[PDB]
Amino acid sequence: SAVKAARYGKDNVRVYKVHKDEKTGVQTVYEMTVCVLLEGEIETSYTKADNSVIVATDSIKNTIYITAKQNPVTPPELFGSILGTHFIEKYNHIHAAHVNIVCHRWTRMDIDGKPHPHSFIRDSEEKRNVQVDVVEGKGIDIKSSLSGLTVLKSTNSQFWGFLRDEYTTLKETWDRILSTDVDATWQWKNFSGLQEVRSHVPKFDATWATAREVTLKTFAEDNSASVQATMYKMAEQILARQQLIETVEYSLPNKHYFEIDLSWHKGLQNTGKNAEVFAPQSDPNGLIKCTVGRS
């Protein structure tokens, strides 16, 4: 037998960083959860009890904190690139570093209509994420995403004209609820190294903001034919607004809200045009995916 694939490292590393402007008093906070997994000439740790090739996961943890102390942690695409580059540069025998970062929201509070210098609210469980793969001789591959953006529209969603056969019970509808948890990922052009990543730094926040804005506006404004048709519109708009993106991926649950027929009770009308009270369904759920690129 032989090792066909191996990677190892530290997961679930919680990290907070504060920036303090001593002149103005304004403080800014960042909070993340980090995973770093390494690949390289490590097979003998598995096959021969050779720990000499292992950079201890505890040391990887230390390195995450040290790197956060010595560098900006934002945008996460940059921080992940710095962190990944460190491992392949420091350790000859390590040839890839896979860095995942989940960024947690700490939005500055407004108190009596003024932004507070050092108080923050977790205004959503929505995350901003990166997956940064630094592979020796193959540059830096970055996938950026937003996830856990939970939305609902109460009308201007439709679903009709789908295939109907002996397995089909679903009624066509011209007016339904649509609710989802948005997971949207944009995949960057390969970067040659850390200089090229740095050269594009403003594009990371700008493209996240575009992706979020497009997602929300398209969801709100599209009189949706299906989840498929709506998500495609989102993806094509994001591609049109950032040429350094190669693909956009969406993964969207269809979180169903069922009508409740109450006509058995005193003739109460709660379906069709009279539908007001619905049963949110926890499971099952539709799950709709696509990856859009340029033609």
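Don't overthink the numbering: it's just position in the shown sequence, from 1.
Chemist: Averaging C-alpha B-factors over each stretch, which comes out higher, 265-273 or 246-254?
Modeler: For C-alpha atoms only, the mean B-factor is higher in 265-273.
Chemist: May I ask you to compare 6-14 and 21-29 by their mean CA B factor in the entry and name the higher one?
Modeler: According to the PDB entry, the answer is 21-29.
Chemist: Looking at the C-alpha B-factor values in the deposited entry, which of 93, 143, 127, 153 comes out highest?
Modeler: That would be 93, according to the entry.
Chemist: Which has the highest CA B-factor per the PDB entry: 178, 73, 182, 101?
Modeler: Top of the list by C-alpha B-factor: 73.
Chemist: If you rank every modelled residue in this chain by C-alpha B factor, which third holds residue 259: lowest, middle or highest?
Modeler: Middle third.
Chemist: Considering only modelled residues of the same chain, in which third does the CA B-factor of residue 45 rank: lowest, middle or highest?
Modeler: Ranked within chain, residue 45 CA B lands in the middle tercile.
Chemist: Test of reading the entry: by CA B factor among the chain's modelled residues, which third contains residue 58?
Modeler: Lowest third, going by the recorded CA B-factors of the chain.
Chemist: Taking the values exactly as deposited, rank residue 147 by C-alpha B-factor within its chain and report the matching third: lowest, middle or highest.
Modeler: Lowest third - that is where residue 147 ends up once the chain's C-alpha B-factors are sorted.
Chemist: Using the temperature factors of the C-alpha atoms in this entry, rank residue 51 within its chain: lowest, middle or highest third.
Modeler: Middle third - that is where residue 51 ends up once the chain's C-alpha B-factors are sorted.
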